[PDB]
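Next up: just one chain, as structure tokens, the form deposited without ligand ADP.
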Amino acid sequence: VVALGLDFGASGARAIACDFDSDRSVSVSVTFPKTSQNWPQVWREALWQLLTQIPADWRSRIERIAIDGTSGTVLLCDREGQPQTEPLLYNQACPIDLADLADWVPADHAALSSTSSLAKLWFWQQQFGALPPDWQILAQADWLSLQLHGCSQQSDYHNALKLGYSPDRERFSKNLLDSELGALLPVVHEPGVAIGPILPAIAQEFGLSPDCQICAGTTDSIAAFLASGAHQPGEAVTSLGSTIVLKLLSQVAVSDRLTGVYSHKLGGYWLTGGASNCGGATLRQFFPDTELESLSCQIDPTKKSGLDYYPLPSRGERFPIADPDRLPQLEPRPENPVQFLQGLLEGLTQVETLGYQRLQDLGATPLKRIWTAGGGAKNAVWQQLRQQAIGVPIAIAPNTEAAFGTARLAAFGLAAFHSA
């Protein structure tokens, strides 16, 4: 089976066509601008650009397609899926009262956030005054897949979560559906399942098989986890990037609105996680990468530095423990740059350690092993510190590209996420 993964991220889009019986693939890219008067046009043209750059052989052989997008990026469209106003991007917050959403979702549901799809739909509602029932709100991944299969008001329970969906009960609340916003809500499927065949005109134009299936997509954050291949509960993917992002697979859904912790449904399992303000950005504040490496070579993890740092890049922390007033803790600062670096890596290690423990304290399945992604994943000293402090096998994630995880999503769905 040959599947195509389309990933639309923060500043670009990547396509990965993958042949899974050959384990061979091709990857193409499109880079977004940093400003547009028409982001829908930018995204749609990116879609055709990605498809075009794929060789004719692969395109003829593609049987399934899936698309992941940025979580919280939504479009207000009419009956035909035509943008009626500018998209509200993932980073944009809305000046609405979250108390106006209380009757549509449970106590501290993930949708209760000024940046959620639901909050943006309510913002649009109070903007236009009254939204027509034949209109629809679409996530980025939704709208793009709509360009492929032509079926309107279709989404997945990953993107739809922050729209107010409850994947624990597999439904929107009856009060939300009965509401004035109800007619704009999409039909929610499981990521990976076939929505419908590709549009005949689209298939013919781009030399794709007319029998190719367009699946239900995901978020790019979840696609990244799917790229690792981890499917057993207790397994976790750690992203050692600018910020440390933890993703833990569990048999139980856990949530903590205080620390921004919530859970996505993933087949029969649950994907929980948390994001710290700490990360490699703190490291770059004192070292360039080259110097960072030359100094890491001289660090022996088997001996404590005596330093107890909390490596925030600035004031404020959100996970594992929430404290907006917490300041970075980088004292005492030794004269030896090597040992100061060790203190930093030890602090970042503690963040990850306390992060996974916090997740387990909330009820998540105990950590079995860790797959690592991001820039710090290649840092073996950092890996040793993480390993000896956490106590589980830690390795580098085989694949990390979101488009590849989405290609796997197209090829196999979420089938691996069940009891064997």
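From 1 onward, residues are counted along the sequence shown.
Note that the form solved in complex with ligand ADP isn't included here; everything after this is about it.
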Using heavy atoms only and a 4.5 Å cut-off, determine which of 192, 87, 280, 274 is in contact with ligand ADP in the bound PDB entry. 280
Option touching ligand ADP, based on a heavy atom within 4.5 Å in the bound PDB entry, out of 75, 240, 184, 176: 240
Here the chain appears without its partner; judged in the bound PDB entry, the stretch of 97 to 105, 205 to 213, 266 to 274, 282 to 290 with heavy atoms within 4.5 Å of ligand ADP is 282 to 290
Find out whether any non-hydrogen atom of residue 375 is located within 4.5 angstroms of ligand ADP in the bound PDB entry, and reply yes or no. yes
I'd like to know if residue 379 sits close to ligand ADP in the bound PDB entry, meaning any non-hydrogen atom pair within 4.5 angstroms. yes
